[PDB]
Amino acid sequence: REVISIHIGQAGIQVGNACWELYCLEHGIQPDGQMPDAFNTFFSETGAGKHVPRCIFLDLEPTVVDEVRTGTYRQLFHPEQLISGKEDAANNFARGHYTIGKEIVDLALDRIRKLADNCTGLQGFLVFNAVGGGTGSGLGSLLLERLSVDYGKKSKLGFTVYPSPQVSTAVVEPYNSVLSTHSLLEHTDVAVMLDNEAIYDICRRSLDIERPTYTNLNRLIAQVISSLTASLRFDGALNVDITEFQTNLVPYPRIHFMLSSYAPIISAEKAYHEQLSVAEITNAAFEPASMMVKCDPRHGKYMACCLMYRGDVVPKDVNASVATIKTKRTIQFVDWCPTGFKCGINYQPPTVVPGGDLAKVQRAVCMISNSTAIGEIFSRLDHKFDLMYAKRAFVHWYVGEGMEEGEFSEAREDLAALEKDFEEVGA
Amino acid sequence: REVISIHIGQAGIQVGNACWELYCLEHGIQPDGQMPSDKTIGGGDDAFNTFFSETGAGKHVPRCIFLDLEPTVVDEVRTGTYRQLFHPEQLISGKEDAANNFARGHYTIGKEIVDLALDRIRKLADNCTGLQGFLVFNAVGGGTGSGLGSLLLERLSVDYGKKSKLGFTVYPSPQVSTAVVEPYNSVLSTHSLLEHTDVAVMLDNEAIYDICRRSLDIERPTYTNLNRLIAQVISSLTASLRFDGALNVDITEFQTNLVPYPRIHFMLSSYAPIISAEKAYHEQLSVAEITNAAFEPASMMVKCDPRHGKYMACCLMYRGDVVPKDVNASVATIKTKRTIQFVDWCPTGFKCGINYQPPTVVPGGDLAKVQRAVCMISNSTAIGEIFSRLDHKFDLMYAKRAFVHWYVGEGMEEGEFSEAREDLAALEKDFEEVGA
Amino acid sequence: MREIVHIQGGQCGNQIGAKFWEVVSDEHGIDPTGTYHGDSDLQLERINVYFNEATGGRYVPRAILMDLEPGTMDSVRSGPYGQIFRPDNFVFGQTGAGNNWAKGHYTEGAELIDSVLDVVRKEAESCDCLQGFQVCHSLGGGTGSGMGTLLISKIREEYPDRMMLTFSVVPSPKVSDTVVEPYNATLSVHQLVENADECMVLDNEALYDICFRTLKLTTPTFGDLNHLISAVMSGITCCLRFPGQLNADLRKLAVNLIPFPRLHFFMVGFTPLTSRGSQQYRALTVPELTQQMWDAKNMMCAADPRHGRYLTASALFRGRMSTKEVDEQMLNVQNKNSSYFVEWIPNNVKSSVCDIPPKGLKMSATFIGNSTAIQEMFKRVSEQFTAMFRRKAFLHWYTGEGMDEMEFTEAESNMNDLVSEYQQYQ
Amino acid sequence: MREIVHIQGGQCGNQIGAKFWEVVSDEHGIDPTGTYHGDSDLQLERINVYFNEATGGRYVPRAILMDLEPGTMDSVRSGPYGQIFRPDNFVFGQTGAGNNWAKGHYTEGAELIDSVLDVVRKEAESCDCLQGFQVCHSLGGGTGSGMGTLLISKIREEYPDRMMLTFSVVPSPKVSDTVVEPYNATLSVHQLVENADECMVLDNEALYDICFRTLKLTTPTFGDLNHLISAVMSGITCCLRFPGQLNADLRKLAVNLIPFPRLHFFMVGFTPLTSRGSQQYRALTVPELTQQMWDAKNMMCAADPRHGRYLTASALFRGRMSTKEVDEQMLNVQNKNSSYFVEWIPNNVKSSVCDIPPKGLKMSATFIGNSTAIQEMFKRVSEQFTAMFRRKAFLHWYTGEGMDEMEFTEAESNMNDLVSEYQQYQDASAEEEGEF
Amino acid sequence: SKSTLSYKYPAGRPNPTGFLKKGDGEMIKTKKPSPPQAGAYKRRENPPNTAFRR
Amino acid sequence: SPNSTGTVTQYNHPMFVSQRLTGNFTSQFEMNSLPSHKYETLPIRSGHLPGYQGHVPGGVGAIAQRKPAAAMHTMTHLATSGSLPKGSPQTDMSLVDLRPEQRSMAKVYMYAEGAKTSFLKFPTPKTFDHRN
Ligand SMILES: Nc1nc2c(ncn2[C@@H]2O[C@H](COP(=O)(O)OP(=O)(O)OP(=O)(O)O)[C@@H](O)[C@H]2O)c(=O)[nH]1
Ligand SMILES: Nc1nc2c(ncn2[C@@H]2O[C@H](COP(=O)(O)OP(=O)(O)OP(=O)(O)O)[C@@H](O)[C@H]2O)c(=O)[nH]1
Ligand SMILES: Nc1nc2c(ncn2[C@@H]2O[C@H](COP(=O)(O)OP(=O)(O)O)[C@@H](O)[C@H]2O)c(=O)[nH]1
Ligand SMILES: Nc1nc2c(ncn2[C@@H]2O[C@H](COP(=O)(O)OP(=O)(O)O)[C@@H](O)[C@H]2O)c(=O)[nH]1
Ligand SMILES: [Mg+2]
Ligand SMILES: [Mg+2]
């Protein structure tokens, strides 16, 4: 029961940068690598008195990688496990996919092979990347292709970061996003979206941080991935493995785009005035004000939903709450599926990082659903791709790197087919 | 079970001085020559007796003779750290060099010094009781290591005959080299290293450079960091003589299990894990892991690709926390791969060997304290190319008769150059005939 | 690891570069004698980008100072921070250019450019991974424009894949130094549209405007103008030199700003710049930085951006700040001004954050807006050039040297069709 | 042990020798008074290679000074480190050669060479194992050229199997310094091609070039020229006086440089030379060494290797360095500029590393390249010789002293054949069919 | 070239007759020495000046 | 706190090499504990990781040591370079590789890089003389 986690790009490293802080804190591992079996899914016990993680930070710019090499966790990782090139990809899909990827990907995947060979009960991979950049999207795509031809039958959970509808820190990311999805369709198995506008609104509304930085985003994302991998780590009344996600959430092999959510995101003081029970956190996990992707599922129809529960929850009232939800009329389920829930319970309450902004709560919920509001997201990105492509803007960069107009037109029509598929299935 | 080692030339002494630095650390013998009062690190009151000879009371002197013609390097040993250790009559030294001239060291300058050595090596092999053999060290580039290094061997063949004579050569690299005549010295020596040595072990300097740069992450290396991880290979293929093992292997086993035909004795070394202290304790190395890492072309002590040829018979020395269950568990997998293949008429294949003593580290050195290690020694038709590359650039010069006027001036004639070349051309067909 | 090779041409280039290396050396904590004396070890980790270790903490700049007369470099070396430049990097001319583009490009470049190419080639292959070159020169002078231009042509001919930034000061008719300002500017822009990768336009009008409206100085000597250009240059390459939350390297910036290969003339602005009498009545928040950034009184070009449309824009922030306020501020200033931003590009603003502000400041920012109002400056240059060229003023000091008139006519055609396509995209 | 007997001839020879004895005496740590004042145990160990320790604790060089006028004797006695010489090795005539090879080789030679040879014989039998005779002279004058040549021939016929270095300056191409320059140089080189073992060629013109462009000296005196030549000689013979990771003595360098018995005219460069300004800013690394070492504008000769293919090359580095870096720089310079190296010799570059640098410097290097572009010098000198000889200018000054015209004709023809042989071994190919 | 050990040809001189046209900026983006002869096997001349002829 | 080798000779080691001696240059080993911080046989807390691509002030100083040991030694060199004379030599006995020949520290192996000489110092215009 071991899952190795690769991180691609500037956002991937910083997300995993908070993830591994959380993991060392949940298993009490000192930053120099030793404790003062449950951890076996993440930290391999090497030699004696040493636990090295099953991850690879890989990037093309050396700035953040060697910031890790200088930081507090020098002694935690390998020295050889933090891959880093010499020059960036510069928000350029073709540059990251055909020029520099061709030299960095071979060392990368010939490192993951002996990580997988060290493993014995590999559950699957999970990838962290943002499609807005060049390293995250470009060699991210290239790596996922070569993983699919190497292992194939193993799961590849993808926690991607799409561009928000209006928030954006680049210009060409629509080109990068569309070129990225043409491989994100048929190479990742279970793809969980994570916009940034939604997490900004959560941090402003719930945690009442008036000045949130990327660290707070990374910290609560780490809470989500830790909450859905705690089914493997910590023991509960009724828990699932990685193979249950693709079994109960993917009705068709091309419809895998999961809205994520979490509850309760609550500060220290708002907690005093609010009761945190199973009823309201299961209700509040379905309000669009507590999802991690900006889309309105009131316009969509739920296809399948999964609910990870942590803490002190016995199945009587979690069965009651999912019963009330099924009777509600605000949200609708698809005709194609009458019983659309998959509950899972875990004993360990979610931990807290000292200095974090989250309260120490005794019970939490990590909801991962499927809808057609994703069918709204792809169109909202399709429009602002077609604006720029109608004038042939920024194209000469990708063509100079070695691509052509064919990949633009065919990746655009791939998104069109995906849209047609979502409007068909939603009926 | 006592074996004495002769070091021949600038490379022989430099290498040897790291080899003997190591053994004095393996058996707790301080450089002053004797073990300490307290701190009996070692068990076994006999272990040292195969390299050292305890003389009188509390003094272990080596069984070795540094020999050379230039007094410039031997006299670094006479006054180095081990002034005490090496007794005076083993540091043989001449007065004028062979000067990269095989003929000069084999006919003119060798003759007056060879008698002094062969009279000394005698009364070393007499203090001995159960002489297993000799193991010689030299480089086939220079004159001293090539000229009398060949003359010494031949005369050792007459006086003893059947006693094994291990050959650890340092061949010229394909392109990264320091001499010009070294194609001539390499051919003229091998022709005589062919019919007198019992096992020869190839070693190229460059293929050892690539290891230190890549594995040991040493950006700028030097001859010490090369001579250091050579003793780690000598230490390992002899630890079965010194310390107890679950499945030991003696010197007379190498010859029997690796030499299919009387002239095909050239071995492809390797070693694993070659890892620095910083990655040593982060990456667990299992008995099945390091044995994988000991078969890649990227970890050979010689720059030849074992994919161009078929392995004939491999040899595997393990040390440390190793149980014979896993040894046979891994060797299974290696035979199942399709990237490496044995010759048709060798279905058996390997010969393993396990020793309990973990490798030792040399302070100020480069390696780390390792749980368990391997010292692979193979025998492949991959060298069949090495002599061909070394042949091509020999004949490239000989067609103009360049540099030749030096060799015939010292006592040779144009016969030796020919008769040595058609020897090497015949040896190539031998590696071809076998590989059919 | 990524290396910026600095190149200074001419008088303005040498004096701008003098203040530039003074500011950069201060940011990296190296004292004027050449030894490191910083406090945090953040500074050591990224001085290869700008310095080469000589002997025992001796770091020397990676700069090449060129001109046709050692008159400016004598004052450069005589001043403070003079011993840091390596004596081999200086290059010499005995004749002198004299505002004559032909003298700077055909007669003296013909024997000067081989030696400086040797110096640049040596300094460029000493390092391992080039990031690109960075040039400071003028467009009015002779040895700045002419020599600098031929160097751009030669370098882009030899090392075509590496980046290249050009800080060029352009002429204005009101701040009109030379009389052949149009003859030099027109030929220089004609070369820069075909050789340079991106050009950041400077000019002394907007620099005086900044020093009198914002800074409200009394006597703004050229040292202060050269400092403003210096603070801009440092702010551009900040993200290479310090760790950031969202890094932006030179190539990253060029690909986010240049939509079409000919549209690479940017107008720059720096913030915060407030008088010492008003540093009491203000605060320092991201809104205070953005309000001052997008103000047209804080540009460094003589082209009002609200006479046209912003094609794209970029903002490099420095200091510990909140990316939420950064993003919502860029989004607000884009939604509120719906007429100054082009329609067929959504989210016209690229943003990036770095975590080390300049010494003594809490928070800073630098702006690079590829607008379409830059063609107004090209019109006020092109129309002057026609006014003189119609009647052959000053033309013979060029024609009698080897240059043909077709170079002038062609320079006018590229200037004219380039402003035609700027006007098309607006 | 190994020994170098030093000989200085003529005015140029004696001034170069004064400077050379100063740098060496300071390298080995003795003050101008002759007494020892060193700090180095490694200094004493090999001083016998140059010094005979006289009783009373005073080291005197093993040098013999010769000329035909007492002016240079007084000059070499005068300067600092001048009274360190034994006043019995100051052998000198009294007439003067008068820039006349005939007077130097037939009349005053046959009168002074006897006492000179008595001194040399005594000095050579003093020490045990002679490595070689070193001879520093010029090729323009009479007593440096003719007398030095007579001495070389006598020494060869006496000690037929010892090394012989000849450091010779040759007439500059663009500006001469004697009207009978070609008449002298032709006969001199005709004898050197038969007797000397290796001749290192210098030139005052190239020395001026170097001191004016690289050193950027305003006004270089003769002091600085002799300084550079002395640094070069110290470099070429350091490896005998100091122990290194890889050693190379005189005979080894000869064997590795000289492929054919007539090709022993080298060209020389030394590194690093840098003005005191840039010395503050440059870093001393093997790249910085090799870049200046391979530069054609750095050779201390009038031969420009852009006109010929390097036959072979040798590089003696001093200071503690990475052999990997050394060899990789050699490989790169050999592989990039591949057309400028001879074809039928693979790996044309010999390298060596001595562990002690010249004092004050961290690291240095010396280059000795045997190139076929050295034929330029002989072609120019021979055409000038024939231009003069066809009309018999200045010929009587030699003819009316014993020499015939057959001597001049034979010398010109031998030089004219040496150049043709250079041409052949430059333009020869490996495949051997393409050139016809 | 001290920078790269390769010998290199010097850059061609810029000529005024050949200037920079409109599009050559894009031609750029799309964009070895030897010892001369030292001829040893060529025929050396011989004029008819032989003493026999005379 | 520099190491003190028990060896004694006629001369003293130059201050620029005696001021910076490591634990490796002893006459007598500690046979008991070879893996320790004394001999840099354990991972160095100081010293960058093998992958670190930042700028370390050594660069070319060390010649045959691993990255962490090289960085440790060069940092200690620059650290105690203060007490030395101003134009001190640039190399050090720790940076240079440790040869088995010379660990005993018998002789004076490293002195030339700092001796006062007049070897390759050509005359300055002020000091220039024609040897009248
Ligand atoms: N949630 C989150 N997103 C981040 C973080 N850092 C960067 N991003 C996102 O990353 C996107 C751009 O890609 P980057 O990761 O910054 O850069 P890249 O993917 O490595 O591509 P290159 O810059 O060319 O190397 C931006 O839209 C940001 O929203 C972070 O810490 N948290
Ligand atoms: N592995 C290793 N090889 C060395 C070392 N030193 C020299 N060599 C090799 O030795 C060859 C030259 O011969 P040397 O050993 O130096 O000298 P020699 O063999 O005694 O010959 P002579 O010097 O002429 O007497 C070179 O090609 C090197 O490859 C060393 O320290 N380690
Ligand atoms: N900002 C700034 N501009 C300068 C400086 N020196 C000159 N200039 C401007 O540069 C132009 C003249 O440049 P010039 O000296 O002729 O260039 P050159 O002769 O080719 O080196 C004029 O427009 C000046 O305003 C300076 O030190 N700072
Ligand atoms: N390097 C050097 N060359 C010198 C010196 N004095 C004379 N020469 C050279 O010697 C040549 C003249 O030969 P000469 O000295 O008369 O030889 P001699 O008469 O045998 O001593 C000229 O080409 C000078 O360049 C000197 O001090 N240094
Ligand atoms: Mg990135
Ligand atoms: Mg030798």
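First to last, the protein sequences are chains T1, 8, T2, 9, 4D and 7E.
If you use the entry's author numbering, the first sequence corresponds to residues 2 to 37, 47 to 437, in order.
Start counting at 1 in the second sequence, then tack on 1, and there's your number in the entry's author numbering.
Counting from 1, position 127 in the third sequence corresponds to residue 127 in the entry's author numbering; the numbering is continuous, with no gaps.
Counting from 1, position 191 in the fourth sequence corresponds to residue 191 in the entry's author numbering; the numbering is continuous, with no gaps.
If you use the entry's author numbering, the fifth sequence corresponds to residues 63 to 93, 101 to 123, in order.
Start counting at 1 in the sixth sequence, then tack on 14, and there's your number in the entry's author numbering.
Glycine is no exception: its CB is placed at the ideal position from the N, C-alpha and C atoms.
- Close to chain 4D, meaning a Cβ-Cβ distance shorter than 7 Å, are the following residues of the region 308 to 335 of chain 9: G308, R309, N332, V333.
- In the three-state DSSP reduction, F432 (chain 8) falls in the helix class (H, G or I).
- Under DSSP, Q8 (chain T2) takes part in a beta bridge, and its partners are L65 (chain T2), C136 (chain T2).
- Between ligand 4 and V169 (chain 9), a heavy atom-to-CB distance of less than 7 Å is present.
- Interface with chain 7E (8 Å Cβ-Cβ cutoff): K359 (chain 9) is included.
- Along the region 278 to 289 of chain 8, the positions whose C-beta sits under 9 Å from a C-beta of chain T1 are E279, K280, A281, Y282, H283, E284, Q285, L286, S287, read in chain order.
- Against chain 7E, a Cβ distance below 8 Å from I356 (chain 9) picks out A126.
- At least one CB of chain 4D lies nearer than 8 Å to the CB of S339 (chain 9).
- Around ligand 4, the residues whose beta-carbon falls short of 5 Å from at least one of its heavy atoms are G10 (chain 9), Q11 (chain 9), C12 (chain 9), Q15 (chain 9), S138 (chain 9), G140 (chain 9), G141 (chain 9), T143 (chain 9), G144 (chain 9), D177 (chain 9), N204 (chain 9), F222 (chain 9), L225 (chain 9), given in chain order.
- Taking 7 Å as the cut-off, one finds no heavy atom of ligand 5 near enough to the beta carbon of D76 (chain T1).
- From the beta-carbon of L82 (chain 4D), the residues of chain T2 found nearer than 9 Å are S153, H190, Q191, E194, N195, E407, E410.
- For the pair of segments examined, the region 353 to 371 of chain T1 was found to touch the region 317 to 325 of chain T1: the number of CB pairs separated by less than 8 Å reaches three.
- For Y408 (chain 8), the uninterrupted alpha helix (DSSP H) run begins and ends at 405 to 410, by DSSP.
- In the structure shown, the three-state DSSP call for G400 (chain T2) is coil.
- Counting only heavy atoms of ligand 6, the residues whose C-beta sits closer than 5 Å to one of them are, along the chain, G10 (chain 8), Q11 (chain 8), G143 (chain 8), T145 (chain 8).
- Contact annotation: in the region 375 to 399 of chain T2, no residue has its CB less than 9 Å from a CB in chain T1.
- Counting only runs that start and end inside the region 58 to 121 of chain 9, the alpha helix (DSSP H) elements of at least 4 residues fall at 70 to 78.
- Around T66 (chain 4D), the beta-carbon contacts reaching into chain 9 at under 8 Å are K336.
- DSSP places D69 (chain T1) outside any alpha helix (DSSP H); the residue lies instead in the beta strand (DSSP E), whose first and last residues are 65 to 69.
- Between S187 (chain 8) and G142 (chain 8) a beta carbon distance of about 7 Å is seen, short of the 8 Å cut, so the two are scored as contacting.
- At a cut-off of 8 Å between beta-carbon atoms, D249 (chain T2) makes contact with chain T1.
- Considering only beta carbons, no part of the region 41 to 66 of chain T2 lies closer than 7 Å to chain 4D.
- Annotation: Cβ neighbours of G108 (chain 4D) in chain 9 (cutoff 9 Å, chain order): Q423, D427.
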